[PDB]
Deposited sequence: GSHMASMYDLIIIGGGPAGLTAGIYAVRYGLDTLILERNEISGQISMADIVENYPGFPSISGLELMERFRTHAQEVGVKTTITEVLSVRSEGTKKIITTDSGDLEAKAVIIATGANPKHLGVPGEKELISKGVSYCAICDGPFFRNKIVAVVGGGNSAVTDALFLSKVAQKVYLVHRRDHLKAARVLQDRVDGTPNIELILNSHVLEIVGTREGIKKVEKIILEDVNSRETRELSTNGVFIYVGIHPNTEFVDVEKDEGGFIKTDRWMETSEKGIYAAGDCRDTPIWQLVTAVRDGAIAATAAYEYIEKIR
């Protein structure tokens, strides 16, 4: 093979939707997935080709796109970036180890588990503060920990945080380690350090929620992006390089706007179709 009409990078909701549409449009398409819902099986049924590999780079020459993977170079007329995004990590001991065992990056998903429990939120932006306020509705107490001398969130949210009794705001503080229990292995405490006095502090917590930014997986593409790595596109998901599109969390969308992976995927596939049938 080697040559294809369309190559979709990412096997998330955006990519899978793009693949299904493209196949129904009758395009020769391949999805590149880094590792293995129903969506997946559903896609396979439609007749999507998927290959477990990793993309290292993507270059465009003469109306052709060169995708270099560990398996070898691949060629395509059009490309869809659907690589999503990941939460930025604290990079401290116990974070990766206690994930799904007290450490989390979604406060709304784990709300009920921490009812009447003690909880810590790390971050200073609207996300950290919003979810600290959220968790305060259900948790006994919430520690909001930030490394700077002030919060970066909007004044309106900061005022609400001051308002709430059961939120304790700890500024000028950075996390040294998340320590867990004696089975079951779950979060038990966190060690803090004052950024100025180097003084240590131990806080008993049942959970730790981390909100220190989001990282879009777009380092391998050289299209136009915003300050943060999110790919800029038009209403048809087209990037700054004609023939290349982007869909899902890896794309540059306004804050108020939440996930629209399926819509982005659907549109990206038909915009690509229009592009292919013209070349």
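In this chain, the deposited residues that lack C-alpha positions fall in the ranges 1-4, 41-66, 212, 311.
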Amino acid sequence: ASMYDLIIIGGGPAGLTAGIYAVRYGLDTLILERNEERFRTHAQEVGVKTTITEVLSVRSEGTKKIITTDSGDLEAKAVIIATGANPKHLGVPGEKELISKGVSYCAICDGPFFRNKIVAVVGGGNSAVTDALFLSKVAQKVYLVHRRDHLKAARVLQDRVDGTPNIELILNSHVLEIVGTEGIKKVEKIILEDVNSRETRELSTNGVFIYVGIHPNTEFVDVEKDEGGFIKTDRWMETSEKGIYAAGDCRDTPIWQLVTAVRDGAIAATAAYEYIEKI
From here on, numbers count along this sequence of modelled residues.
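Stretch comparison (218-226 versus 37-45) by mean CA B-factor in the PDB entry places 37-45 on top.
Remark: stretch with higher mean C-alpha B factor among 54-62 and 231-239 is 54-62.
The entry lists C-alpha B-factors for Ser197, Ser104, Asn166, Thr83, and the highest of these is at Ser197. Across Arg155, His150, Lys137, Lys88, the entry's maximum B-factor at the CA atom is seen for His150.
Ranked by C-alpha B-factor against the other modelled residues of its chain, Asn206 falls in the middle third. Sort the modelled residues of the chain by CA B factor and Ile244 lands in the middle third. In the deposited entry, the Cα temperature factor of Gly183 sits in the top third of values across the chain's modelled residues. In this PDB entry, the Cα temperature factor of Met3 sits in the middle third of its chain's modelled residues. Among the modelled residues of its chain, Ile279 has a C-alpha B-factor that falls in the highest third, as given in the PDB entry.
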